[PDB]
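> Structure file model.csv (CSV, C-alpha atoms and all ligand atoms) right here:
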```csv
chain,number,residue,atom,x,y,z
A,1,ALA,CA,195.9,212.1,64.7
A,2,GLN,CA,192.1,211.6,64.4
A,3,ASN,CA,189.8,211.7,67.5
A,4,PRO,CA,192.6,212.7,69.9
A,5,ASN,CA,190.1,213.2,72.8
A,6,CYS,CA,188.9,209.5,72.3
A,7,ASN,CA,185.3,210.4,72.0
A,8,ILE,CA,182.7,207.9,71.1
A,9,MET,CA,181.8,208.4,67.4
A,10,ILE,CA,178.4,207.7,65.8
A,11,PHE,CA,178.2,206.6,62.2
A,12,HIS,CA,175.4,206.8,59.7
A,13,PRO,CA,176.4,204.6,56.7
A,14,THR,CA,174.4,204.7,53.6
A,15,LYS,CA,173.0,201.5,52.1
A,16,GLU,CA,175.9,201.4,49.7
A,17,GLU,CA,178.4,201.8,52.5
A,18,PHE,CA,176.6,199.0,54.4
A,19,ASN,CA,177.6,196.4,51.9
A,20,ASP,CA,181.2,195.8,52.8
A,21,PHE,CA,181.6,195.2,56.5
A,22,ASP,CA,185.4,195.0,56.7
A,23,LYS,CA,185.7,198.2,54.6
A,24,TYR,CA,183.4,200.1,56.8
A,25,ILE,CA,185.3,199.1,60.0
A,26,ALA,CA,188.5,200.2,58.4
A,27,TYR,CA,186.8,203.5,57.5
A,28,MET,CA,185.6,204.1,61.0
A,29,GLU,CA,189.2,203.5,62.2
A,30,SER,CA,190.5,206.0,59.6
A,31,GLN,CA,188.3,208.6,61.4
A,32,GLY,CA,189.8,207.6,64.8
A,33,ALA,CA,186.7,205.7,66.1
A,34,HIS,CA,188.8,203.0,67.8
A,35,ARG,CA,190.5,205.5,70.0
A,36,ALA,CA,187.3,205.6,72.1
A,37,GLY,CA,187.1,201.8,72.5
A,38,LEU,CA,183.4,201.9,71.3
A,39,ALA,CA,181.5,203.3,68.3
A,40,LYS,CA,177.8,203.4,67.5
A,41,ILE,CA,176.6,202.5,63.9
A,42,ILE,CA,173.0,203.5,63.0
A,43,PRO,CA,172.0,201.3,60.0
A,44,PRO,CA,170.5,203.0,56.9
A,45,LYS,CA,166.8,203.5,56.9
A,46,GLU,CA,166.3,200.8,54.2
A,47,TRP,CA,167.9,198.0,56.3
A,48,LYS,CA,166.3,195.6,58.6
A,49,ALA,CA,167.6,192.6,60.6
A,50,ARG,CA,164.5,190.5,60.1
A,51,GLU,CA,160.8,191.1,59.3
A,52,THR,CA,159.3,190.9,62.8
A,53,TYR,CA,160.1,189.8,66.3
A,54,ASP,CA,156.5,188.4,66.8
A,55,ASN,CA,157.6,184.8,66.9
A,56,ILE,CA,160.6,184.6,69.4
A,57,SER,CA,158.8,183.6,72.5
A,58,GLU,CA,159.6,180.0,72.3
A,59,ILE,CA,163.4,180.4,72.3
A,60,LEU,CA,164.7,178.7,75.4
A,61,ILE,CA,166.9,180.3,78.0
A,62,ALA,CA,168.4,177.0,79.4
A,63,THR,CA,170.3,178.6,82.3
A,64,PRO,CA,169.0,182.0,83.3
A,65,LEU,CA,171.5,183.8,85.7
A,66,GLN,CA,170.5,185.8,88.8
A,67,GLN,CA,173.1,188.5,89.2
A,68,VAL,CA,173.8,188.9,92.9
A,69,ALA,CA,175.9,191.9,94.0
A,70,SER,CA,178.3,192.4,96.9
A,71,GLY,CA,180.1,195.6,97.9
A,72,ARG,CA,179.1,199.2,97.9
A,73,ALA,CA,176.9,201.0,95.4
A,74,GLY,CA,179.7,202.2,93.3
A,75,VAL,CA,182.3,199.4,93.8
A,76,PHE,CA,180.8,195.9,93.7
A,77,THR,CA,181.2,192.5,92.3
A,78,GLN,CA,178.5,190.2,91.0
A,79,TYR,CA,178.1,186.4,91.0
A,80,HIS,CA,175.8,184.5,88.8
A,81,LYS,CA,173.4,182.1,90.4
A,82,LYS,CA,171.9,179.5,88.0
A,83,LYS,CA,168.1,179.4,87.8
A,84,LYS,CA,165.7,176.9,86.2
A,85,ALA,CA,165.1,177.1,82.4
A,86,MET,CA,162.5,179.3,81.0
A,87,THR,CA,161.3,180.4,77.5
A,88,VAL,CA,161.8,184.0,76.2
A,89,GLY,CA,158.1,184.5,76.6
A,90,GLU,CA,158.3,183.5,80.3
A,91,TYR,CA,161.4,185.7,80.8
A,92,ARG,CA,159.7,188.7,79.2
A,93,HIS,CA,156.7,188.3,81.6
A,94,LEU,CA,159.2,188.1,84.5
A,95,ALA,CA,161.1,191.2,83.3
A,96,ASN,CA,157.8,193.1,83.2
A,97,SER,CA,156.6,191.9,86.7
A,98,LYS,CA,156.4,194.4,89.5
A,99,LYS,CA,159.5,192.9,91.2
A,100,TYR,CA,161.7,193.4,88.1
A,101,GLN,CA,160.3,196.1,85.9
A,102,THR,CA,161.9,199.4,85.1
A,103,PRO,CA,160.8,202.1,87.6
A,104,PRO,CA,159.2,205.3,86.7
A,105,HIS,CA,161.8,207.8,85.5
A,106,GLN,CA,162.2,211.1,83.7
A,107,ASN,CA,164.9,210.3,81.1
A,108,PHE,CA,168.0,208.2,80.5
A,109,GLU,CA,170.0,210.3,83.0
A,110,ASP,CA,167.5,209.8,85.8
A,111,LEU,CA,167.5,206.1,85.1
A,112,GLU,CA,171.3,206.0,85.2
A,113,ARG,CA,171.2,207.7,88.6
A,114,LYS,CA,168.7,205.2,89.9
A,115,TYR,CA,170.9,202.3,88.5
A,116,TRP,CA,174.0,203.4,90.3
A,117,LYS,CA,172.2,204.2,93.5
A,118,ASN,CA,170.1,201.1,93.8
A,119,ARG,CA,171.6,198.2,91.6
A,120,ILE,CA,173.2,196.4,94.5
A,121,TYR,CA,170.0,196.0,96.4
A,122,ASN,CA,168.4,193.9,93.7
A,123,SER,CA,169.3,190.7,91.8
A,124,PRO,CA,168.0,190.8,88.2
A,125,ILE,CA,167.9,187.7,86.0
A,126,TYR,CA,169.9,187.6,82.7
A,127,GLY,CA,169.8,185.2,79.7
A,128,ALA,CA,173.3,185.2,78.5
A,129,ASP,CA,175.5,183.6,76.0
A,130,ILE,CA,172.8,181.7,74.2
A,131,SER,CA,174.3,180.4,70.9
A,132,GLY,CA,172.0,181.5,68.0
A,133,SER,CA,171.0,184.3,65.7
A,134,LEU,CA,167.9,186.5,65.0
A,135,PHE,CA,169.1,187.8,61.7
A,136,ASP,CA,167.1,186.6,58.7
A,137,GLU,CA,169.2,184.5,56.4
A,138,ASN,CA,168.3,186.8,53.6
A,139,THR,CA,169.7,189.9,55.4
A,140,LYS,CA,172.9,190.3,53.5
A,141,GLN,CA,174.4,193.4,55.2
A,142,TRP,CA,175.8,193.4,58.8
A,143,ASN,CA,174.3,190.0,59.5
A,144,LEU,CA,176.2,188.9,62.6
A,145,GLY,CA,176.0,185.2,61.6
A,146,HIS,CA,177.7,185.8,58.2
A,147,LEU,CA,180.7,187.6,59.2
A,148,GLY,CA,184.3,186.5,58.2
A,149,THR,CA,185.6,184.2,60.9
A,150,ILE,CA,188.5,185.0,63.2
A,151,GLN,CA,190.1,181.7,62.2
A,152,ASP,CA,190.0,182.8,58.6
A,153,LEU,CA,191.5,186.2,59.5
A,154,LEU,CA,194.3,184.5,61.4
A,155,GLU,CA,194.9,182.3,58.3
A,156,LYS,CA,194.9,185.1,55.9
A,157,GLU,CA,197.2,187.3,57.9
A,158,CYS,CA,199.6,184.7,59.4
A,159,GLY,CA,199.3,181.7,57.1
A,160,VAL,CA,198.4,179.3,59.8
A,161,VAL,CA,195.3,177.1,59.5
A,162,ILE,CA,193.6,176.4,62.8
A,163,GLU,CA,190.6,174.6,64.2
A,164,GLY,CA,187.6,176.5,65.7
A,165,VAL,CA,184.4,178.2,64.9
A,166,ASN,CA,183.0,181.7,65.5
A,167,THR,CA,179.1,181.9,66.0
A,168,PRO,CA,176.9,184.6,67.5
A,169,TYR,CA,175.2,184.7,70.8
A,170,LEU,CA,171.9,186.0,72.1
A,171,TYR,CA,171.3,187.9,75.3
A,172,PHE,CA,168.0,188.6,77.0
A,173,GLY,CA,168.1,191.4,79.6
A,174,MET,CA,165.9,193.2,82.1
A,175,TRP,CA,166.2,196.3,84.2
A,176,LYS,CA,169.5,196.4,86.1
A,177,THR,CA,171.1,193.4,84.3
A,178,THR,CA,174.7,194.2,84.2
A,179,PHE,CA,177.8,193.6,82.2
A,180,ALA,CA,181.0,193.9,84.3
A,181,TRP,CA,184.2,195.7,83.2
A,182,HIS,CA,186.1,193.6,80.6
A,183,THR,CA,187.8,193.5,77.3
A,184,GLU,CA,186.9,190.7,74.9
A,185,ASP,CA,188.6,187.3,74.8
A,186,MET,CA,192.1,187.8,73.4
A,187,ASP,CA,191.3,191.6,73.2
A,188,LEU,CA,189.2,190.9,70.1
A,189,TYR,CA,186.6,193.3,68.6
A,190,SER,CA,183.0,192.8,69.4
A,191,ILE,CA,179.8,193.8,67.6
A,192,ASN,CA,176.5,194.0,69.3
A,193,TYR,CA,173.1,194.6,67.8
A,194,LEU,CA,170.1,195.5,70.0
A,195,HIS,CA,167.3,193.7,68.2
A,196,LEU,CA,164.4,194.8,70.4
A,197,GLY,CA,163.2,196.3,73.6
A,198,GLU,CA,164.7,198.8,76.0
A,199,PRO,CA,168.1,200.5,75.8
A,200,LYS,CA,171.6,199.5,77.0
A,201,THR,CA,173.9,202.0,78.6
A,202,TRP,CA,177.6,201.5,77.9
A,203,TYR,CA,180.7,202.8,79.6
A,204,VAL,CA,184.1,202.5,77.9
A,205,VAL,CA,187.8,203.3,78.6
A,206,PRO,CA,190.0,204.3,75.6
A,207,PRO,CA,192.4,201.4,74.7
A,208,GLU,CA,195.4,203.7,75.2
A,209,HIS,CA,194.3,204.1,78.8
A,210,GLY,CA,193.2,200.6,79.7
A,211,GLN,CA,196.1,200.1,82.1
A,212,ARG,CA,194.7,203.0,84.2
A,213,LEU,CA,191.5,201.1,84.7
A,214,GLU,CA,193.4,197.9,85.6
A,215,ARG,CA,195.5,199.8,88.2
A,216,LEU,CA,192.3,201.2,89.8
A,217,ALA,CA,190.7,197.8,89.7
A,218,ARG,CA,193.7,196.2,91.6
A,219,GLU,CA,193.3,198.9,94.2
A,220,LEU,CA,189.5,198.5,94.6
A,221,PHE,CA,189.5,194.7,94.5
A,222,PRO,CA,192.7,193.9,96.3
A,223,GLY,CA,191.9,190.2,97.2
A,224,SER,CA,190.8,189.4,93.6
A,225,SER,CA,194.0,191.0,92.3
A,226,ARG,CA,196.2,188.8,94.5
A,227,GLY,CA,194.3,185.8,93.3
A,228,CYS,CA,194.8,186.5,89.6
A,229,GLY,CA,197.0,188.9,87.6
A,230,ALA,CA,194.1,189.2,85.0
A,231,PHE,CA,191.0,189.1,87.2
A,232,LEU,CA,189.0,191.4,85.1
A,233,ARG,CA,188.8,188.4,82.7
A,234,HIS,CA,186.4,186.9,85.3
A,235,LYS,CA,183.9,189.6,84.3
A,236,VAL,CA,182.6,190.2,87.8
A,237,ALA,CA,183.7,193.7,88.8
A,238,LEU,CA,181.8,197.0,88.6
A,239,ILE,CA,183.0,200.5,89.2
A,240,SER,CA,180.6,203.4,88.8
A,241,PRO,CA,181.2,206.5,86.7
A,242,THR,CA,181.4,208.6,89.9
A,243,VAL,CA,184.2,206.4,91.2
A,244,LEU,CA,186.0,206.5,87.9
A,245,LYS,CA,185.8,210.3,87.9
A,246,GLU,CA,187.0,210.5,91.5
A,247,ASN,CA,190.0,208.5,90.4
A,248,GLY,CA,190.8,210.4,87.2
A,249,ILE,CA,190.1,207.5,84.9
A,250,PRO,CA,189.3,208.5,81.3
A,251,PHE,CA,186.0,207.1,80.1
A,252,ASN,CA,182.9,207.8,78.0
A,253,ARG,CA,179.3,206.7,78.1
A,254,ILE,CA,176.6,206.2,75.6
A,255,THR,CA,173.1,204.7,75.4
A,256,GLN,CA,172.3,202.2,72.6
A,257,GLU,CA,168.7,201.9,71.5
A,258,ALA,CA,166.9,199.1,69.6
A,259,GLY,CA,168.0,198.9,66.0
A,260,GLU,CA,171.5,200.2,66.6
A,261,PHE,CA,174.9,198.5,66.5
A,262,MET,CA,177.8,199.0,68.8
A,263,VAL,CA,181.4,198.0,68.0
A,264,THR,CA,183.9,197.5,70.7
A,265,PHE,CA,187.6,197.8,69.7
A,266,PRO,CA,190.6,195.7,70.8
A,267,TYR,CA,191.5,196.4,74.4
A,268,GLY,CA,188.6,198.8,75.0
A,269,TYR,CA,187.3,198.1,78.5
A,270,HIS,CA,183.6,198.3,78.7
A,271,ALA,CA,180.7,197.8,81.2
A,272,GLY,CA,177.0,198.7,81.4
A,273,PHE,CA,173.4,197.9,82.1
A,274,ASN,CA,170.1,197.3,80.5
A,275,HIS,CA,167.1,199.6,81.0
A,276,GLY,CA,164.4,197.0,80.8
A,277,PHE,CA,163.4,193.9,78.8
A,278,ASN,CA,165.6,193.6,75.7
A,279,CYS,CA,167.2,191.2,73.3
A,280,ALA,CA,170.7,191.7,71.8
A,281,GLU,CA,173.0,189.6,69.6
A,282,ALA,CA,176.8,189.8,69.7
A,283,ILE,CA,179.9,188.2,68.3
A,284,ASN,CA,183.6,188.7,68.4
A,285,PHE,CA,185.5,189.5,65.2
A,286,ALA,CA,189.0,190.3,64.1
A,287,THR,CA,190.7,192.5,61.5
A,288,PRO,CA,194.4,192.8,60.6
A,289,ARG,CA,194.9,195.4,63.2
A,290,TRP,CA,193.8,193.1,66.0
A,291,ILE,CA,196.7,190.7,65.6
A,292,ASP,CA,199.1,192.8,67.6
A,293,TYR,CA,196.6,193.1,70.4
A,294,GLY,CA,195.9,189.4,70.4
A,295,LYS,CA,199.7,188.7,70.8
A,296,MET,CA,199.8,191.0,73.9
A,297,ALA,CA,196.4,190.1,75.5
A,298,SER,CA,196.5,189.2,79.2
A,299,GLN,CA,195.4,186.0,80.3
A,300,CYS,CA,193.7,184.4,83.3
A,301,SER,CA,195.3,181.1,84.2
A,302,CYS,CA,193.8,180.8,87.8
A,303,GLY,CA,190.9,178.7,86.5
A,304,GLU,CA,188.1,181.2,86.9
A,305,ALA,CA,187.8,182.7,83.4
A,306,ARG,CA,187.0,179.4,81.5
A,307,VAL,CA,186.3,180.1,77.8
A,308,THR,CA,185.4,178.5,74.5
A,309,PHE,CA,187.2,175.9,72.6
A,310,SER,CA,188.2,178.3,69.8
A,311,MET,CA,190.4,180.4,72.1
A,312,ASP,CA,192.8,177.5,72.5
A,313,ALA,CA,194.3,178.0,69.0
A,314,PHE,CA,194.5,181.7,69.4
A,315,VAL,CA,196.7,181.3,72.6
A,316,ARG,CA,198.6,178.5,71.0
A,317,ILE,CA,199.6,180.4,67.9
A,318,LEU,CA,199.8,184.0,69.2
A,319,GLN,CA,201.1,183.4,72.7
A,320,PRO,CA,203.1,180.1,72.7
A,321,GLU,CA,205.1,181.0,75.8
A,322,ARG,CA,201.8,181.5,77.8
A,323,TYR,CA,200.0,178.5,76.3
A,324,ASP,CA,201.0,175.8,78.8
A,325,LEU,CA,200.1,177.9,81.9
A,326,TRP,CA,196.8,179.1,80.3
A,327,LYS,CA,195.8,175.6,79.3
A,328,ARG,CA,196.4,174.4,82.9
A,329,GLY,CA,193.8,177.1,83.9
A,330,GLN,CA,191.4,175.6,81.3
A,331,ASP,CA,191.9,172.0,82.9
B,401,LIG,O1,174.7,192.0,75.2
B,401,LIG,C1,175.7,192.1,76.2
B,401,LIG,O2,175.5,192.3,77.4
B,401,LIG,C2,177.2,192.1,76.3
B,401,LIG,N1,178.0,192.8,75.2
B,401,LIG,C3,179.3,193.1,75.4
B,401,LIG,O3,180.1,193.3,76.5
B,401,LIG,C4,179.8,193.2,74.0
B,401,LIG,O4,179.0,193.1,73.0
B,401,LIG,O5,181.0,193.4,73.9
B,402,MG,MG,160.1,181.2,69.2
B,403,NI,NI,182.0,192.9,75.7
B,404,ZN,ZN,191.8,184.4,86.9
```
When written as structure tokens, how does the structure in this file appear?
Ligand SMILES: O=C(O)CNC(=O)C(=O)O
Ligand SMILES: [Mg+2]
Ligand code: NI
Ligand SMILES: [Zn+2]


Amino acid sequence: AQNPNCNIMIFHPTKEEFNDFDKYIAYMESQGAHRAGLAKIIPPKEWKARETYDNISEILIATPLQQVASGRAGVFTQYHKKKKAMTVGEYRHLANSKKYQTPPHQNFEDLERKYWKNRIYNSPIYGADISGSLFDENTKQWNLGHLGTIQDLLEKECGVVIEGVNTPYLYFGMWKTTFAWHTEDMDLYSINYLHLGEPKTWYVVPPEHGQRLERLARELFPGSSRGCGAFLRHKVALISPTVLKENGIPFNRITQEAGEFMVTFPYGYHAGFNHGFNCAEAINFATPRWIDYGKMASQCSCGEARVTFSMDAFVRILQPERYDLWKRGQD
């Protein structure tokens, strides 16, 4: 069995290997990459996402979110407070302000220490889930707006034709902006490209060990767990690496820098934080190997998780028994 310790693998495809996206995912899996839950892909030196980032300041962040924490430094939740609209240029100036900018630090490890010590005492502002793309239309390789769609994958594998669409989303981050522990909707894959700016640190639990993380989370967030049998779908809970180590949870960590892709694999729990002002693009995708995970994915039906239109079909076709309850949670 390849990669039996479930380490995060880093790939360096050639320009020729960069042509066929599906083939390369399947290659990474042949080498055991999925066992980690996360892989990094460094694009060939000849590749670029677009020519420059000099003209992005007028993108609008219609609903910036202030991430307010509650709990203790290593075990906390966050809620998202809506803020007034602002442009990317206004958000960048805010991220760089004395109140929000990255502190002086020695290296990524020092900054990680500072994040986990001090995150809860601040409320950074995040642009999230902004439909759109920064890939040039002429970029043919690994263009996250030109991927094969999940609806087409389901039709190819299963024969069933369904409604829905699959488009990318932009994220604008600053120091301490945080992504809570989660798997993707319907335990899909994700791909994330860091277009510009400062790094993103990721933590990940191997898919084969995800239920260990879920059991710890039920222990650490006991009221949330009573409220919902899939409360990690709410995407609000944080647990530090120190707490995961104290509790014996298998995990790995890696830092993504600008110009790098990350792929998350089905049922790979992940969480992390941004180092400073940045812009990322991400989208969910499927392969044939996903189908079995989609059929088994947990679902939130308490009303909190509320998700896209296109997840309806996935539940309806893959999880007909759960469909009525889950749709009630949507309405
Ligand atoms: O850009 C981001 O914060 C969030 N990304 C993820 O959790 C992902 O791509 O799967
Ligand atoms: Mg612009
Ligand atoms: Ni994710
Ligand atoms: Zn719920």

> Could you please determine the separation between atom CA of residue 133 of chain A and atom CA of residue 168 of chain A in Å, to one decimal place?

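Pair atom CA of residue 133 of chain A / atom CA of residue 168 of chain A returns 6.2 Å.
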
> Compare A:13, A:259, A:173, A:250 by their minimum atom-to-atom distance to residue 208 of chain A, counting only C-alpha atoms, and give me the closest one.

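For residue 208 of chain A, the nearest of the candidates is A:250.
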
> Find the residues around residue 24 of chain A up to 12 Å (only C-alpha atoms counted), leave out those fewer than 4 positions away in its own chain, and share them as an MDAnalysis selection string.

chainID A and resid 11:20 28:31 33 41 43 141:142 263 287

> With the cut-off set at 8 Å and counting all atoms listed in the file, tabulate each residue of chain A with an atom at most that distance from an atom of ligand ZN 404 (chain B), showing the nearest atom pair and its distance in Å to one decimal, ordered by chain and increasing number, as a Markdown table.


```
| residue | atom | partner | partner_atom | distance |
| --- | --- | --- | --- | --- |
| A:227 | CA | B:ZN404 | ZN | 7.0 |
| A:228 | CA | B:ZN404 | ZN | 4.5 |
| A:229 | CA | B:ZN404 | ZN | 6.9 |
| A:230 | CA | B:ZN404 | ZN | 5.7 |
| A:231 | CA | B:ZN404 | ZN | 4.8 |
| A:232 | CA | B:ZN404 | ZN | 7.8 |
| A:233 | CA | B:ZN404 | ZN | 6.5 |
| A:234 | CA | B:ZN404 | ZN | 6.2 |
| A:299 | CA | B:ZN404 | ZN | 7.7 |
| A:300 | CA | B:ZN404 | ZN | 4.1 |
| A:301 | CA | B:ZN404 | ZN | 5.5 |
| A:302 | CA | B:ZN404 | ZN | 4.2 |
| A:303 | CA | B:ZN404 | ZN | 5.8 |
| A:304 | CA | B:ZN404 | ZN | 4.9 |
| A:305 | CA | B:ZN404 | ZN | 5.6 |
```

> List as a ChimeraX atom specification the protein and nucleic acid residues near segment 107-115 of chain A, meaning an atom at most 9 Å away when only C-alpha atoms are counted, but skip any in the same chain fewer than 6 places from it.

/A:175-176,201,255,273,275

> Need the shell around segment 54-63 of chain A: protein/DNA/RNA residues with any atom at most 8 Å away, counting all atoms listed in the file. Skip same-chain ones fewer than 6 positions apart. Format as number ranges by chain?

A: 82-90, 127, 130

> Which is closer to ligand LIG 401 (chain B) than all the others in A:331, A:198, A:260, A:184, using all atoms listed in the file?

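Ranking A:331, A:198, A:260, A:184 by distance to ligand LIG 401 (chain B), first place goes to A:184.
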
> Of the candidates A:203, A:179, A:265, A:100, which shows the shortest atom-to-atom distance to residue 25 of chain A, using all atoms listed in the file?

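For residue 25 of chain A, the nearest of the given residues is A:265.
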
> Using only C-alpha atoms and all ligand atoms, which residues of chain A come within 7 Å of ligand NI 403 (chain B), and what is the closest atom pair for each, with the distance in Å to one decimal? Give it as CSV, sorted by chain and residue number.


```
residue,atom,partner,partner_atom,distance
A:182,CA,B:NI403,NI,6.4
A:183,CA,B:NI403,NI,6.0
A:184,CA,B:NI403,NI,5.4
A:190,CA,B:NI403,NI,6.4
A:270,CA,B:NI403,NI,6.4
```

> Between chain A and ligand LIG 401 (chain B), at 6 Å or less, what are the per-residue closest atom pairs and their distances in Å? Count only C-alpha atoms and all ligand atoms, order by chain and rising residue number, and return it as CSV.


```
residue,atom,partner,partner_atom,distance
A:171,CA,B:LIG401,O1,5.3
A:179,CA,B:LIG401,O2,5.5
A:190,CA,B:LIG401,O5,5.0
A:191,CA,B:LIG401,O4,5.5
A:192,CA,B:LIG401,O4,4.6
A:264,CA,B:LIG401,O5,6.0
A:280,CA,B:LIG401,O1,5.3
A:282,CA,B:LIG401,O4,5.2
```

> One number please: atom CA of residue 135 of chain A to atom CA of residue 50 of chain A, in Å, one decimal.

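Going from atom CA of residue 135 of chain A over to atom CA of residue 50 of chain A, I get 5.6 Å.
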
> I'd like the contact shell of residue 293 of chain A - 10 Å cut-off, all atoms listed in the file, skipping same-chain residues fewer than 5 positions apart - returned as a PyMOL selection string.

chain A and resi 186-188+266-267+298+318

> Quick test: take segment 228-254 of chain A, keep C-alpha atoms, and write it as a short mmCIF file (atom, residue, chain, number, x, y, z; two decimals), in the first residue's frame.


```cif
data_model
loop_
_atom_site.label_atom_id
_atom_site.label_comp_id
_atom_site.auth_asym_id
_atom_site.auth_seq_id
_atom_site.Cartn_x
_atom_site.Cartn_y
_atom_site.Cartn_z
CA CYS A 228 -26.53 18.24 15.44
CA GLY A 229 -25.11 14.80 14.58
CA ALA A 230 -22.90 16.46 11.89
CA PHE A 231 -22.04 19.79 13.45
CA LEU A 232 -18.65 20.00 11.85
CA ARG A 233 -20.64 20.76 8.69
CA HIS A 234 -21.32 24.15 10.32
CA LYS A 235 -17.68 25.00 9.80
CA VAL A 236 -17.18 26.83 13.09
CA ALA A 237 -14.94 24.66 15.29
CA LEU A 238 -11.20 24.95 15.81
CA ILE A 239 -8.85 22.59 17.59
CA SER A 240 -5.12 23.32 17.77
CA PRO A 241 -2.32 20.97 16.82
CA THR A 242 -1.29 20.82 20.47
CA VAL A 243 -4.75 19.63 21.50
CA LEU A 244 -4.85 17.12 18.62
CA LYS A 245 -1.46 15.72 19.76
CA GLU A 246 -2.61 15.54 23.40
CA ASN A 247 -5.55 13.47 22.25
CA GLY A 248 -3.67 11.18 19.91
CA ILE A 249 -5.37 12.36 16.72
CA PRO A 250 -3.37 11.62 13.60
CA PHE A 251 -2.75 14.76 11.51
CA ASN A 252 -0.26 16.58 9.34
CA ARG A 253 0.48 20.18 8.54
CA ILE A 254 1.89 22.12 5.59
#
```
